[PDB]
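Enquirer: got a sequence here, can you build the structure:
(chains A and B, ligands or ions: 1)
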Amino acid sequence: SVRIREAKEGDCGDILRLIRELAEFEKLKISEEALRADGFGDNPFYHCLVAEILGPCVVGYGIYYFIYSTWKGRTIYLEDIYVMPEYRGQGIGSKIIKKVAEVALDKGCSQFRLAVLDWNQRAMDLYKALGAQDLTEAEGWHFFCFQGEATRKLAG
Amino acid sequence: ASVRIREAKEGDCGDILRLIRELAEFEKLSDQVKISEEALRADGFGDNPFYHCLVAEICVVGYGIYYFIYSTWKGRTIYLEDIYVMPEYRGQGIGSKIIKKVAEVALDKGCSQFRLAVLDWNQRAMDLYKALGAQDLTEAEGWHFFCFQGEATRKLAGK
Ligand SMILES: CC(=O)SCCNC(=O)CCNC(=O)[C@H](O)C(C)(C)COP(=O)(O)OP(=O)(O)OC[C@H]1O[C@@H](n2cnc3c(N)ncnc32)[C@H](O)[C@@H]1OP(=O)(O)O
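Expert: Numbering: from 1, shown residues only, chains lettered A, B, ... in the order given. Let me share the structure:
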């Protein structure tokens, strides 16, 4: 059986390995130390869920944080979600998503957001199957990012 | 018109909501505004705020709402969630002043990643952002914005 649960500091090694797997899957600077500090700190920057087979082994994860919508208020953003290849298509990713929804309601967040690459149609299809809307396709939203000098020029 | 851009205070939340509702009403989407003044107060002005807000003041005539995010690709990032200026005050550079200020906040915190979403009708904005060195990630990289809205979320959570 599989359980989705809050990460503990002891999971940081396993989580770092899985972050590296998802980064490679997506085709492109965090230490185990940074994870422990940022993900559990005071003051945590983000929150991690692990999928664990019941010794027990961690086979997937999600990372989310709290954001905001001006129409709806408190919102969660699901940043990373990943299940190891051997463990895909046995409901684990859907269970991680359901857990994020449960956490959302528990924390007074009516809705949750994510970003996904348009080549990743199997993921997009799952999110649509679970009730999500593609607002890029529906409304025309384009993500922009300024880095380094671009942000400096933006700041005039 | 003479305008200042300043940090919002808890007492500006009535005005922020009035502006959000004015936009929604303009778009014929009034029924979609579920946020409350009490939420803007609680979510913005307690110990761990969900957002930060700059207002444009002559009468508050505009706002920019942002928050920080942690991207597993680039680390700490500022994300501009929304900028609105009342139509009567459009053409006066107020929106440009707000975005400039948000960019300065990022830099002041020692963060140089800035992210936002822009609607595709807004060619003026898109052209300027590219000219400044920004990348359109949707066009460049195929990023799509997904949202599990209220009904979908409740269903997933087993209601
Ligand atoms: C928000 C951002 O992080 S988007 C990034 C999403 N992450 C990835 O694409 C990493 C690689 N893939 C995975 O981690 C997983 O396959 C996930 C998270 C996408 C889906 O989780 P799983 O446990 O495999 O899926 P689950 O069993 O809950 O089933 C749903 C669907 O997954 C999708 N899927 C993606 N890859 C597979 C796969 N290898 N095998 C079976 N289904 C897959 C399909 O849409 C399937 O739908 P269907 O049953 O109607 O045919």
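
Enquirer: tell me, how many residues neighbour the closest residue to the ligand within chain A?
Expert: Closest residue of chain A to the ligand, C-beta to the nearest ligand atom: residue A:93 (2.0 Å). C-betas here are computed from N, CA, C, even on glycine. Counted with other C-beta atoms under 10 Å in any protein chain shown, residues neighbouring residue A:93 total 22.

Enquirer: wait, it touches residue A:129, no?
Expert: No: counting by C-beta atoms under 8 Å, residue A:93 does not reach residue A:129; the two are 11.0 Å apart.

Enquirer: what pairs with the strand of greatest length in chain A, parallel or antiparallel?
Expert: Identified as the longest strand of chain A according to DSSP state E is strand A:57-69. Looking at strand A:57-69 with DSSP bridges, its partner strands are strand A:47-53 (antiparallel), strand A:73-83 (antiparallel).

Enquirer: tabulate those in CSV, adding columns for mean neighbour count and distance to the ligand.
Expert: Formatted as CSV, the strands paired with strand A:57-69 follow (neighbours: other C-beta atoms under 10 Å in any protein chain shown; distance: least, C-beta to the nearest ligand atom, whole Å):
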stretch, mean neighbour count, distance to the ligand
strand A:47-53, 21, 8
strand A:73-83, 22, 4
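
Enquirer: ok, which of those comes nearest residue A:18?
Expert: Ranking the strands paired with strand A:57-69 by proximity to residue A:18 (C-beta to C-beta) places strand A:73-83 first, at 5.7 Å.

Enquirer: roughly how far is that closest one from the heart of the chain?
Expert: Distance, stretch centre to chain centre, for strand A:73-83: 4 Å (C-alpha atoms, centre = their mean, to the nearest Å).

Enquirer: check whether the next helix or strand after it contacts chain B.
Expert: Using DSSP states H and E, the helix or strand that follows strand A:73-83 in sequence is helix A:92-106. Yes: counting by C-beta under 8 Å from any C-beta of the partner chain, chain B has neighbours in helix A:92-106: A:97-98, A:101-102, A:104-105.

Enquirer: what's the most distant pair in these?
Expert: A:97 and A:105 (13.4 Å).

Enquirer: same drill for the two, tell me which one is more crowded.
Expert: The neighbour comparison of residue A:97 against residue A:105 (other C-beta under 10 Å) goes to residue A:97, with 24 against 17.

Enquirer: ok, the nearest residue in space to the more buried one that is not next to it in sequence - contacts?
Expert: Closest residue to residue A:97 apart from its sequence neighbours, by C-beta to C-beta, 6 or more residues apart in numbering or on different chains: residue A:130 at 5.9 Å. Residue A:130 is in contact with A:94, A:97, B:148, B:152, B:156, counting by C-beta atoms under 8 Å, 6 or more residues apart in numbering or on different chains.

Enquirer: flag every residue of chain A that's near the ligand.
Expert: A:22, A:25, A:78, A:80-83, A:88-94, A:114, A:116, A:120, A:122-123, A:125-126, A:129 (C-beta under 6 Å from any ligand atom).

Enquirer: and if we set it to 5 Å?
Expert: Neighbours of the ligand within chain A, by C-beta under 5 Å from any ligand atom: A:80-83, A:88-89, A:91-94, A:114, A:116, A:122-123, A:125-126.

Enquirer: residues contacting residue A:98?
Expert: By C-beta under 8 Å, 6+ apart, the neighbours of residue A:98 are A:4, B:156-158.

Enquirer: please apply the same query to residue A:133.
Expert: Contacts of residue A:133 by C-beta under 8 Å, 6+ apart are B:146-147, B:149.

Enquirer: please report phi then psi for it.
Expert: phi -100, psi 140 (degrees, to the nearest 10).

Enquirer: that one pairs with what?
Expert: So, taking DSSP bridges as the rule, residue A:133 has residue B:147 as bridge partners.

Enquirer: any idea which of the residues of helix A:92-106 next to chain B is closest to chain B?
Expert: residue A:101 (3.5 Å; C-beta to the nearest C-beta).
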